[PDB]
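Quick look at final_9.txt (compact mmCIF, C-alpha atoms):
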# COMPACT_ATOMS: atom_id res chain seq x y z
CA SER A 12 0.00 0.00 0.00
CA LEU A 13 1.94 2.97 -1.35
CA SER A 14 -0.17 5.65 0.33
CA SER A 15 -0.29 3.78 3.64
CA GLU A 16 3.50 3.48 4.00
CA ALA A 17 4.12 6.97 2.61
CA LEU A 18 1.72 8.55 5.08
CA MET A 19 2.92 6.39 7.96
CA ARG A 20 6.51 7.51 7.32
CA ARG A 21 5.25 11.10 7.21
CA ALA A 22 3.34 10.53 10.46
CA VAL A 23 6.55 9.26 12.04
CA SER A 24 8.03 12.53 10.86
CA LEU A 25 5.22 14.14 12.85
CA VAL A 26 6.21 12.09 15.90
CA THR A 27 9.80 13.14 15.29
CA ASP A 28 9.08 16.85 14.90
CA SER A 29 6.57 16.93 17.77
CA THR A 30 9.01 15.06 20.00
CA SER A 31 11.72 17.42 18.75
CA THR A 32 9.77 20.55 19.66
CA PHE A 33 8.83 18.99 23.01
CA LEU A 34 12.45 17.92 23.57
CA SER A 35 13.48 21.47 22.67
CA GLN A 36 11.13 23.00 25.24
CA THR A 37 12.37 20.35 27.67
CA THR A 38 15.98 21.23 26.91
CA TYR A 39 15.12 24.91 27.32
CA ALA A 40 13.39 24.41 30.67
CA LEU A 41 16.27 22.13 31.70
CA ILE A 42 18.86 24.72 30.63
CA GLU A 43 16.83 27.46 32.34
CA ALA A 44 16.70 25.65 35.67
CA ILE A 45 20.30 24.50 35.25
CA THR A 46 21.13 28.17 34.72
CA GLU A 47 19.25 29.20 37.85
CA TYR A 48 21.11 26.43 39.68
CA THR A 49 24.44 27.65 38.26
CA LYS A 50 23.60 31.20 39.35
CA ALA A 51 22.58 30.03 42.82
CA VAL A 52 25.76 27.93 43.08
CA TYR A 53 27.99 30.89 42.19
CA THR A 54 25.91 33.02 44.55
CA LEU A 55 26.38 30.52 47.38
CA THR A 56 30.09 30.49 46.53
CA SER A 57 30.26 34.26 46.98
CA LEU A 58 28.14 33.93 50.13
CA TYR A 59 30.63 31.37 51.45
CA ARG A 60 33.40 33.89 50.80
CA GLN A 61 31.36 36.54 52.62
CA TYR A 62 30.61 34.29 55.59
CA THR A 63 34.24 33.15 55.73
CA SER A 64 35.21 36.81 56.02
CA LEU A 65 32.97 36.87 59.13
CA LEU A 66 34.65 33.94 60.91
CA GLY A 67 35.64 34.39 64.52
CA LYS A 68 33.34 35.85 67.16
CA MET A 69 31.96 39.05 65.62
CA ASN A 70 28.68 40.79 64.77
CA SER A 71 26.01 38.11 64.55
CA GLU A 72 24.01 40.87 62.85
CA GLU A 73 26.60 40.24 60.14
CA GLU A 74 27.73 36.64 60.58
CA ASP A 75 24.44 34.90 61.44
CA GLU A 76 22.37 37.17 59.18
CA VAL A 77 24.65 36.21 56.30
CA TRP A 78 24.12 32.63 57.48
CA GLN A 79 20.33 33.19 57.39
CA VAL A 80 20.58 34.51 53.84
CA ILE A 81 22.74 31.48 53.04
CA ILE A 82 19.84 29.35 54.31
CA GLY A 83 17.51 31.16 51.93
CA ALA A 84 19.98 30.67 49.09
CA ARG A 85 20.36 26.97 49.92
CA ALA A 86 16.60 26.43 49.96
CA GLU A 87 16.19 28.29 46.66
CA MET A 88 19.07 26.40 45.05
CA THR A 89 17.91 23.02 46.34
CA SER A 90 14.27 23.43 45.33
CA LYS A 91 15.37 24.60 41.87
CA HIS A 92 17.80 21.66 41.71
CA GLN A 93 14.96 19.26 42.49
CA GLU A 94 12.78 20.98 39.90
CA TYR A 95 15.41 20.79 37.15
CA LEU A 96 15.85 17.13 38.13
CA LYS A 97 12.10 16.65 37.74
CA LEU A 98 12.43 18.32 34.34
CA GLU A 99 15.52 16.22 33.56
CA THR A 100 13.64 13.02 34.39
CA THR A 101 11.00 14.13 31.93
CA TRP A 102 13.89 15.11 29.63
CA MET A 103 15.28 11.58 29.69
CA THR A 104 11.74 10.45 28.93
CA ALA A 105 11.76 12.94 26.04
CA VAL A 106 15.11 11.76 24.67
CA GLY A 107 13.81 8.20 25.04
CA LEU A 108 10.68 9.15 23.10
CA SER A 109 12.73 10.82 20.35
CA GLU A 110 14.98 7.75 20.14
CA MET A 111 11.99 5.40 20.02
CA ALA A 112 10.47 7.64 17.33
CA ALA A 113 13.72 7.45 15.36
CA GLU A 114 13.52 3.67 15.61
CA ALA A 115 9.92 3.79 14.39
CA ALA A 116 11.14 6.01 11.53
CA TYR A 117 13.75 3.42 10.60
CA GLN A 118 11.28 0.54 10.88
CA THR A 119 8.94 2.44 8.55
CA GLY A 120 11.79 3.73 6.39
CA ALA A 121 11.60 7.46 7.15
CA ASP A 122 15.37 7.25 7.58
CA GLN A 123 15.61 10.95 6.72
CA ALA A 124 13.44 11.59 9.78
CA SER A 125 15.36 8.96 11.76
CA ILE A 126 18.60 10.77 10.93
CA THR A 127 17.20 14.23 11.66
CA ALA A 128 15.87 12.90 14.98
CA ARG A 129 19.23 11.32 15.85
CA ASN A 130 20.97 14.60 14.98
CA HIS A 131 18.53 16.60 17.10
CA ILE A 132 18.95 14.13 19.97
CA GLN A 133 22.73 14.44 19.74
CA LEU A 134 22.67 18.25 19.51
CA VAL A 135 20.41 18.39 22.58
CA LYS A 136 22.44 15.83 24.53
CA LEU A 137 25.66 17.69 23.66
CA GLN A 138 24.23 21.06 24.71
CA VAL A 139 22.92 19.47 27.91
CA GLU A 140 26.29 17.85 28.66
CA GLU A 141 27.89 21.26 28.01
CA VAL A 142 25.66 23.06 30.50
CA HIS A 143 26.36 20.06 32.74
CA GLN A 144 30.05 20.90 32.34
CA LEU A 145 29.19 24.42 33.47
CA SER A 146 27.29 22.84 36.37
CA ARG A 147 30.31 20.74 37.37
CA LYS A 148 32.49 23.86 37.16
CA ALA A 149 30.15 25.83 39.42
CA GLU A 150 29.83 22.89 41.83
CA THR A 151 33.62 22.50 41.96
CA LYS A 152 34.05 26.22 42.69
CA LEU A 153 31.39 25.96 45.40
CA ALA A 154 33.24 22.95 46.83
CA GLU A 155 36.45 25.02 46.76
CA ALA A 156 34.69 27.81 48.68
CA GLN A 157 33.42 25.20 51.14
CA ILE A 158 37.00 23.94 51.51
CA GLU A 159 38.30 27.47 52.14
CA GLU A 160 35.51 28.03 54.67
CA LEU A 161 36.48 24.75 56.35
CA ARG A 162 40.16 25.72 56.45
CA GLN A 163 39.43 29.11 58.02
CA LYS A 164 36.62 28.06 60.36
CA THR A 165 38.48 24.99 61.66
CA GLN A 166 41.68 27.02 62.06
CA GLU A 167 39.93 29.58 64.25
CA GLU A 168 38.08 26.78 66.07
CA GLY A 169 41.23 24.91 67.06
CA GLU A 170 42.97 28.14 68.04
CA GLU A 171 40.09 29.11 70.32
CA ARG A 172 39.99 25.59 71.77
CA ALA A 173 43.69 25.75 72.63
CA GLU A 174 43.13 29.13 74.30
CA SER A 175 40.15 27.66 76.18
CA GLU A 176 42.34 24.86 77.54
CA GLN A 177 44.90 27.46 78.61
CA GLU A 178 42.18 29.54 80.31
CA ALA A 179 40.73 26.47 82.06
CA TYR A 180 44.23 25.66 83.33
CA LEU A 181 44.34 29.08 85.05
CA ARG A 182 42.16 28.00 87.99
CA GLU A 183 42.29 25.45 90.82
CA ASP A 184 44.89 23.32 88.98
CA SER B 12 7.60 28.23 36.76
CA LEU B 13 3.90 27.47 36.30
CA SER B 14 3.89 29.06 32.83
CA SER B 15 6.88 26.94 31.80
CA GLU B 16 5.27 23.74 33.07
CA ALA B 17 1.91 24.64 31.49
CA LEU B 18 3.41 25.29 28.07
CA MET B 19 5.39 22.07 28.60
CA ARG B 20 2.16 20.23 29.42
CA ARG B 21 0.62 21.51 26.18
CA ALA B 22 3.81 20.56 24.30
CA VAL B 23 3.63 17.03 25.70
CA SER B 24 -0.06 17.09 24.82
CA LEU B 25 1.18 17.79 21.29
CA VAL B 26 3.64 14.89 21.47
CA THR B 27 0.86 12.72 22.87
CA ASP B 28 -1.68 13.64 20.20
CA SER B 29 0.84 13.48 17.34
CA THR B 30 2.03 10.11 18.66
CA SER B 31 -1.67 9.23 18.92
CA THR B 32 -1.91 10.26 15.27
CA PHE B 33 1.04 8.06 14.34
CA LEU B 34 -0.45 5.26 16.46
CA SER B 35 -3.78 5.73 14.67
CA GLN B 36 -2.03 5.70 11.29
CA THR B 37 -0.06 2.60 12.25
CA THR B 38 -3.21 0.98 13.62
CA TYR B 39 -5.03 1.68 10.36
CA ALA B 40 -2.11 0.37 8.30
CA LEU B 41 -2.00 -2.64 10.65
CA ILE B 42 -5.76 -3.16 10.29
CA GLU B 43 -5.41 -2.91 6.51
CA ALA B 44 -2.56 -5.42 6.46
CA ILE B 45 -4.40 -7.70 8.90
CA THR B 46 -7.47 -7.43 6.68
CA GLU B 47 -5.65 -8.26 3.45
CA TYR B 48 -3.85 -11.06 5.29
CA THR B 49 -7.17 -12.37 6.64
CA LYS B 50 -8.58 -12.13 3.11
CA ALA B 51 -5.69 -14.17 1.70
CA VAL B 52 -6.14 -16.56 4.64
CA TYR B 53 -9.83 -17.17 3.95
CA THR B 54 -8.89 -17.36 0.27
CA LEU B 55 -6.30 -20.07 0.86
CA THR B 56 -8.81 -21.78 3.16
CA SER B 57 -11.46 -21.95 0.44
CA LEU B 58 -8.79 -22.90 -2.10
CA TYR B 59 -7.71 -25.80 0.11
CA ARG B 60 -11.35 -26.85 0.41
CA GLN B 61 -11.71 -26.73 -3.38
CA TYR B 62 -8.46 -28.65 -3.83
CA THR B 63 -9.68 -31.20 -1.28
CA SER B 64 -12.69 -31.62 -3.55
CA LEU B 65 -10.17 -32.31 -6.35
CA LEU B 66 -8.29 -35.02 -4.45
CA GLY B 67 -7.45 -38.09 -6.48
CA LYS B 68 -7.14 -38.46 -10.24
CA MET B 69 -10.66 -37.11 -10.83
CA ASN B 70 -9.21 -34.08 -12.65
CA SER B 71 -5.41 -33.93 -12.47
CA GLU B 72 -5.55 -31.52 -15.44
CA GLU B 73 -7.46 -29.40 -12.90
CA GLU B 74 -6.00 -30.49 -9.55
CA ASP B 75 -2.49 -29.50 -10.71
CA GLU B 76 -3.78 -26.11 -11.87
CA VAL B 77 -5.61 -25.34 -8.64
CA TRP B 78 -2.37 -26.47 -6.96
CA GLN B 79 -0.44 -23.96 -9.09
CA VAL B 80 -2.93 -21.25 -8.10
CA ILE B 81 -2.50 -22.32 -4.48
CA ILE B 82 1.22 -21.67 -4.85
CA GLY B 83 0.50 -18.04 -5.72
CA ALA B 84 -2.02 -17.87 -2.89
CA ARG B 85 0.56 -19.22 -0.43
CA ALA B 86 3.12 -16.69 -1.64
CA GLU B 87 0.71 -13.75 -1.37
CA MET B 88 -0.60 -14.84 2.03
CA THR B 89 2.86 -15.47 3.46
CA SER B 90 4.36 -12.23 2.17
CA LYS B 91 1.34 -10.42 3.60
CA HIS B 92 1.81 -12.27 6.89
CA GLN B 93 5.43 -11.14 7.03
CA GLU B 94 4.36 -7.64 6.01
CA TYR B 95 1.64 -7.23 8.64
CA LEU B 96 4.08 -8.65 11.21
CA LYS B 97 6.60 -5.97 10.26
CA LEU B 98 3.70 -3.53 10.52
CA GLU B 99 2.60 -4.94 13.88
CA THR B 100 6.16 -4.62 15.15
CA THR B 101 5.95 -0.98 14.09
CA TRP B 102 2.55 -0.76 15.80
CA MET B 103 3.96 -2.07 19.07
CA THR B 104 6.70 0.51 18.55
CA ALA B 105 3.96 3.15 18.26
CA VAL B 106 2.17 1.78 21.32
CA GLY B 107 5.45 2.01 23.22
CA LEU B 108 5.77 5.60 22.02
CA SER B 109 2.23 6.49 23.13
CA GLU B 110 2.86 4.77 26.47
CA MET B 111 6.10 6.66 27.07
CA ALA B 112 4.18 9.80 26.06
CA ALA B 113 1.33 9.06 28.48
CA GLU B 114 3.95 8.53 31.19
CA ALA B 115 5.67 11.83 30.35
CA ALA B 116 2.23 13.46 30.37
CA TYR B 117 1.67 12.08 33.87
CA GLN B 118 5.17 13.09 35.00
CA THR B 119 4.48 16.55 33.55
CA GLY B 120 1.00 16.78 35.07
CA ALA B 121 -0.67 16.76 31.66
CA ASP B 122 -3.08 14.37 33.36
CA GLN B 123 -5.91 15.19 30.95
CA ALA B 124 -3.57 14.39 28.06
CA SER B 125 -2.15 11.36 29.87
CA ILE B 126 -5.60 9.85 30.52
CA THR B 127 -6.81 10.71 27.02
CA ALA B 128 -3.74 8.95 25.61
CA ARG B 129 -4.08 5.95 27.93
CA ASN B 130 -7.72 5.37 26.95
CA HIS B 131 -6.82 6.02 23.31
CA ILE B 132 -4.21 3.27 23.66
CA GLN B 133 -6.79 0.98 25.25
CA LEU B 134 -9.26 1.69 22.44
CA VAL B 135 -6.59 1.12 19.78
CA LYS B 136 -5.24 -2.04 21.43
CA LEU B 137 -8.76 -3.45 21.77
CA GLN B 138 -9.64 -2.61 18.16
CA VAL B 139 -6.35 -4.13 17.01
CA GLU B 140 -6.95 -7.27 19.07
CA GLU B 141 -10.48 -7.33 17.61
CA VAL B 142 -9.15 -7.51 14.08
CA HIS B 143 -6.46 -9.82 15.46
CA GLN B 144 -9.17 -12.04 16.96
CA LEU B 145 -10.78 -12.15 13.53
CA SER B 146 -7.32 -12.96 12.14
CA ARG B 147 -6.84 -15.71 14.72
CA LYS B 148 -10.24 -17.14 13.83
CA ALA B 149 -9.16 -17.08 10.19
CA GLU B 150 -5.85 -18.73 11.15
CA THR B 151 -7.75 -21.38 13.13
CA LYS B 152 -10.01 -22.01 10.13
CA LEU B 153 -7.01 -22.21 7.79
CA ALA B 154 -5.39 -24.70 10.16
CA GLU B 155 -8.65 -26.68 10.29
CA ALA B 156 -8.91 -26.66 6.48
CA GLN B 157 -5.30 -27.81 6.13
CA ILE B 158 -5.84 -30.51 8.76
CA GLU B 159 -8.96 -31.80 7.00
CA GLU B 160 -7.18 -31.59 3.63
CA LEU B 161 -4.43 -33.78 5.08
CA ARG B 162 -7.01 -36.17 6.56
CA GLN B 163 -8.82 -36.47 3.23
CA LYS B 164 -5.62 -36.85 1.19
CA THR B 165 -4.11 -39.44 3.53
CA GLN B 166 -7.37 -41.43 3.66
CA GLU B 167 -8.32 -41.34 -0.01
CA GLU B 168 -4.78 -41.89 -1.29
CA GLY B 169 -4.15 -44.49 1.44
CA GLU B 170 -7.12 -46.60 0.36
CA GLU B 171 -6.24 -46.02 -3.30
CA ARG B 172 -2.67 -47.11 -2.48
CA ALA B 173 -3.96 -50.27 -0.80
CA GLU B 174 -6.03 -50.95 -3.93
CA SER B 175 -2.96 -50.18 -6.07
CA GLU B 176 -0.96 -52.76 -4.10
CA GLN B 177 -3.79 -55.27 -4.54
CA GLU B 178 -3.93 -54.54 -8.29
CA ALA B 179 -0.15 -54.84 -8.62
CA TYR B 180 -0.36 -58.20 -6.84
CA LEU B 181 -2.75 -59.45 -9.55
CA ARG B 182 0.02 -59.94 -12.12
CA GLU B 183 3.23 -61.97 -12.44
CA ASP B 184 3.35 -62.52 -8.66
As structure tokens, what does this structure read like?
Amino acid sequence: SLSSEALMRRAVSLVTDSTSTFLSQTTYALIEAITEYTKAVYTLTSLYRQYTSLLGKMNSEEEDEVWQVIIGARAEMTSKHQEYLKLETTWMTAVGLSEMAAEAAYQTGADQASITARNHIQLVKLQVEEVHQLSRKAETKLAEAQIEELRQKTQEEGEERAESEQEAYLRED
Amino acid sequence: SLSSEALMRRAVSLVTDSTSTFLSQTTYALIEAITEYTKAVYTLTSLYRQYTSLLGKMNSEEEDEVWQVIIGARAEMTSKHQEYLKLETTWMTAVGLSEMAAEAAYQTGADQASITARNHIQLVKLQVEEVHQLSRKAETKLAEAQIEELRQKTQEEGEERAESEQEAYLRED
């Protein structure tokens, strides 16, 4: 049936282009929320630098208010992280749909659509892995700011502890 | 982002309805192929019944020609069997697509789309298995016709062979 196979191939092109537009919106929402995460990560990094500058006993109206804002930032970042992961779960469903559509296109013989799908899938996956590289960069720089905050905080902590032992030794002993 | 997720939900609704279009197209192509297969099946069935009526020497100058026609019938039926099985593989591919789309619609909260798709799949799968039930009836009746053809051939030619042995024993022995 010439018409039947011709139209069915074309319909699989509809599945491919619908799933492509969907996957594009999904990539865009994913990139958007990845971007918001990246922003929040870099923000938290700067906030770690700020809070680290406030280490040692000083104005809580600075130190612990910066900590409170850090709590707000953490909640924002984490909720957005969970939301981009919700999107990314749907995104893996979308990629899976596009791949299954490309296989339907092959099985029907819309190999031009199968190829265009596979290309679109790869372009999306590449762009996603690239913004994932940005994510890993941001997360590494946040981890570095955590490590600096650890170095400073712990340093001060141990110093104070030593002094506290020396001050406890002042009496009755 | 409620706007983002709502546009996403409509996008997935588009994937779900365009995949429902492809699934409909593939179901119609499948139903067509099933129908033409079932036609060739009932054809070969009746042809076997006719040929069974031609068993023995009664009209070899006809039995051999109905046999020749049966060869073409077998070829057409079997190539259509293989074809509609390729098509049904593609249909199960389309069902898998619509199922992954209904699941993405659920994961996206396009519940109206998800449920519409799920019941569309149920309708399609039932209608397919309805034509498949007709096909399985036809396959049962083809099997029955072949079985009775073999019964009739093995009986009539077995008794004629016994008579041929008895007639060969009449001479020189």
| Pick from B:102, B:33, B:78, B:95, whichever lies nearest to residue 49 in chain B using all atoms listed in the file | B:95
| query | After a least-squares superposition of chain B on chain A over all Cα atoms matched in order, what is the RMSD to one decimal? | reply |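 Result of the CA superposition: 1.0 Å.
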| query | Near range 84-92 of chain A, counting only C-alpha atoms, which residues have an atom at most 12 Å away, once you skip same-chain residues fewer than 4 positions from it, shown as number ranges by chain? | reply | A: 40-59, 77-80, 96-99, 146, 150, 153; B: 12
| note | Taken to one decimal, the CA of residue 112 in chain A-CA of residue 27 in chain A distance is 5.9 Å
| Shortest interatomic distance to chain A - which of B:103, B:156, B:66, B:111, counting all atoms listed in the file |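 Of B:103, B:156, B:66, B:111, the one nearest chain A is B:111, counting all atoms listed in the file.
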Using only C-alpha atoms, find each residue of chain A with at least one atom at most 8 Å away from an atom of chain B; report its shortest atom-to-atom pair and that distance in Å (one decimal), sort the rows by chain and rising residue number, and return the result as JSON lines.
{"residue": "A:15", "atom": "CA", "partner": "B:40", "partner_atom": "CA", "distance": 6.1}
{"residue": "A:16", "atom": "CA", "partner": "B:40", "partner_atom": "CA", "distance": 7.7}
{"residue": "A:18", "atom": "CA", "partner": "B:36", "partner_atom": "CA", "distance": 7.8}
{"residue": "A:19", "atom": "CA", "partner": "B:36", "partner_atom": "CA", "distance": 6.0}
{"residue": "A:22", "atom": "CA", "partner": "B:33", "partner_atom": "CA", "distance": 5.1}
{"residue": "A:23", "atom": "CA", "partner": "B:33", "partner_atom": "CA", "distance": 6.1}
{"residue": "A:25", "atom": "CA", "partner": "B:29", "partner_atom": "CA", "distance": 6.3}
{"residue": "A:26", "atom": "CA", "partner": "B:30", "partner_atom": "CA", "distance": 5.4}
{"residue": "A:29", "atom": "CA", "partner": "B:26", "partner_atom": "CA", "distance": 5.1}
{"residue": "A:30", "atom": "CA", "partner": "B:26", "partner_atom": "CA", "distance": 5.6}
{"residue": "A:32", "atom": "CA", "partner": "B:22", "partner_atom": "CA", "distance": 7.6}
{"residue": "A:33", "atom": "CA", "partner": "B:22", "partner_atom": "CA", "distance": 5.4}
{"residue": "A:36", "atom": "CA", "partner": "B:19", "partner_atom": "CA", "distance": 6.7}
{"residue": "A:37", "atom": "CA", "partner": "B:19", "partner_atom": "CA", "distance": 7.2}
{"residue": "A:40", "atom": "CA", "partner": "B:15", "partner_atom": "CA", "distance": 7.1}
{"residue": "A:101", "atom": "CA", "partner": "B:115", "partner_atom": "CA", "distance": 6.0}
{"residue": "A:104", "atom": "CA", "partner": "B:115", "partner_atom": "CA", "distance": 6.4}
{"residue": "A:105", "atom": "CA", "partner": "B:115", "partner_atom": "CA", "distance": 7.5}
{"residue": "A:108", "atom": "CA", "partner": "B:108", "partner_atom": "CA", "distance": 6.2}
{"residue": "A:111", "atom": "CA", "partner": "B:108", "partner_atom": "CA", "distance": 6.5}
{"residue": "A:112", "atom": "CA", "partner": "B:108", "partner_atom": "CA", "distance": 6.9}
{"residue": "A:115", "atom": "CA", "partner": "B:104", "partner_atom": "CA", "distance": 6.2}
{"residue": "A:118", "atom": "CA", "partner": "B:101", "partner_atom": "CA", "distance": 6.4}
{"residue": "A:119", "atom": "CA", "partner": "B:101", "partner_atom": "CA", "distance": 7.2}
| task | Measure the distance from CA of residue 151 in chain A to CA of residue 82 in chain A in Å and round it to one decimal. | result |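 Between these atoms lies a distance of 19.7 Å.
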| message | My list of candidates is B:162, B:136, B:182, B:172. Which is closest to residue 63 in chain B when distances are computed with only C-alpha atoms? | response | B:162
| field | Best match for closeness to residue 62 in chain A among A:154, A:173, A:161, A:137, counting only C-alpha atoms | value |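 The shortest atom-to-atom distance to residue 62 in chain A comes from A:161.
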Hey, could you patch up range 159-179 of chain A with N, CA, C and O atoms and hand it over as an mmCIF file, in the frame of the given file?
data_model
loop_
_atom_site.group_PDB
_atom_site.id
_atom_site.type_symbol
_atom_site.label_atom_id
_atom_site.label_comp_id
_atom_site.auth_asym_id
_atom_site.auth_seq_id
_atom_site.Cartn_x
_atom_site.Cartn_y
_atom_site.Cartn_z
ATOM 1 N N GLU A 159 37.746 26.266 51.515
ATOM 2 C CA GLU A 159 38.300 27.470 52.140
ATOM 3 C C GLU A 159 37.593 27.806 53.449
ATOM 4 O O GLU A 159 38.242 28.127 54.454
ATOM 5 N N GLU A 160 36.260 27.781 53.445
ATOM 6 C CA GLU A 160 35.510 28.030 54.670
ATOM 7 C C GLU A 160 35.854 27.029 55.761
ATOM 8 O O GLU A 160 35.985 27.397 56.930
ATOM 9 N N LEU A 161 36.014 25.759 55.397
ATOM 10 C CA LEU A 161 36.480 24.750 56.350
ATOM 11 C C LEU A 161 37.859 25.090 56.892
ATOM 12 O O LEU A 161 38.072 25.101 58.106
ATOM 13 N N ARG A 162 38.810 25.385 56.009
ATOM 14 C CA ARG A 162 40.160 25.720 56.450
ATOM 15 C C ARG A 162 40.140 26.864 57.460
ATOM 16 O O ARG A 162 40.648 26.728 58.580
ATOM 17 N N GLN A 163 39.454 27.956 57.126
ATOM 18 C CA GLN A 163 39.430 29.110 58.020
ATOM 19 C C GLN A 163 38.678 28.785 59.304
ATOM 20 O O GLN A 163 39.190 29.010 60.411
ATOM 21 N N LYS A 164 37.431 28.327 59.181
ATOM 22 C CA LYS A 164 36.620 28.060 60.360
ATOM 23 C C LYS A 164 37.383 27.138 61.304
ATOM 24 O O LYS A 164 37.567 27.461 62.478
ATOM 25 N N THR A 165 37.790 25.961 60.813
ATOM 26 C CA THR A 165 38.480 24.990 61.660
ATOM 27 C C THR A 165 39.733 25.592 62.275
ATOM 28 O O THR A 165 40.054 25.305 63.434
ATOM 29 N N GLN A 166 40.495 26.377 61.505
ATOM 30 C CA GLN A 166 41.680 27.020 62.060
ATOM 31 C C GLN A 166 41.300 27.804 63.303
ATOM 32 O O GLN A 166 41.842 27.588 64.396
ATOM 33 N N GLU A 167 40.378 28.755 63.131
ATOM 34 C CA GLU A 167 39.930 29.580 64.250
ATOM 35 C C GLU A 167 39.448 28.691 65.395
ATOM 36 O O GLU A 167 39.736 28.955 66.566
ATOM 37 N N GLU A 168 38.632 27.686 65.071
ATOM 38 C CA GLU A 168 38.080 26.780 66.070
ATOM 39 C C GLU A 168 39.190 26.194 66.937
ATOM 40 O O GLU A 168 39.147 26.283 68.167
ATOM 41 N N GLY A 169 40.161 25.536 66.303
ATOM 42 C CA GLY A 169 41.230 24.910 67.060
ATOM 43 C C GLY A 169 42.023 25.913 67.870
ATOM 44 O O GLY A 169 42.422 25.638 69.007
ATOM 45 N N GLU A 170 42.270 27.092 67.295
ATOM 46 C CA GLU A 170 42.970 28.140 68.040
ATOM 47 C C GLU A 170 42.208 28.466 69.316
ATOM 48 O O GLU A 170 42.777 28.475 70.419
ATOM 49 N N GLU A 171 40.918 28.778 69.171
ATOM 50 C CA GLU A 171 40.090 29.110 70.320
ATOM 51 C C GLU A 171 40.093 27.973 71.330
ATOM 52 O O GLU A 171 40.101 28.213 72.538
ATOM 53 N N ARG A 172 40.008 26.730 70.854
ATOM 54 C CA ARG A 172 39.990 25.590 71.770
ATOM 55 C C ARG A 172 41.260 25.567 72.602
ATOM 56 O O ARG A 172 41.216 25.361 73.821
ATOM 57 N N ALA A 173 42.412 25.666 71.937
ATOM 58 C CA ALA A 173 43.690 25.750 72.630
ATOM 59 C C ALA A 173 43.653 26.818 73.721
ATOM 60 O O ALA A 173 44.010 26.570 74.881
ATOM 61 N N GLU A 174 43.257 28.034 73.336
ATOM 62 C CA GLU A 174 43.130 29.130 74.300
ATOM 63 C C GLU A 174 42.178 28.785 75.441
ATOM 64 O O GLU A 174 42.399 29.195 76.584
ATOM 65 N N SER A 175 41.098 28.063 75.147
ATOM 66 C CA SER A 175 40.150 27.660 76.180
ATOM 67 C C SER A 175 40.748 26.659 77.158
ATOM 68 O O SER A 175 40.483 26.723 78.362
ATOM 69 N N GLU A 176 41.572 25.740 76.662
ATOM 70 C CA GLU A 176 42.340 24.860 77.540
ATOM 71 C C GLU A 176 43.297 25.656 78.423
ATOM 72 O O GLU A 176 43.400 25.414 79.632
ATOM 73 N N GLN A 177 43.994 26.622 77.830
ATOM 74 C CA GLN A 177 44.900 27.460 78.610
ATOM 75 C C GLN A 177 44.167 28.280 79.666
ATOM 76 O O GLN A 177 44.666 28.450 80.784
ATOM 77 N N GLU A 178 42.979 28.793 79.337
ATOM 78 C CA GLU A 178 42.180 29.540 80.310
ATOM 79 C C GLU A 178 41.566 28.646 81.384
ATOM 80 O O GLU A 178 41.424 29.078 82.535
ATOM 81 N N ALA A 179 41.193 27.412 81.042
ATOM 82 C CA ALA A 179 40.730 26.470 82.060
ATOM 83 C C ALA A 179 41.860 26.062 82.993
ATOM 84 O O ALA A 179 41.615 25.793 84.175
#
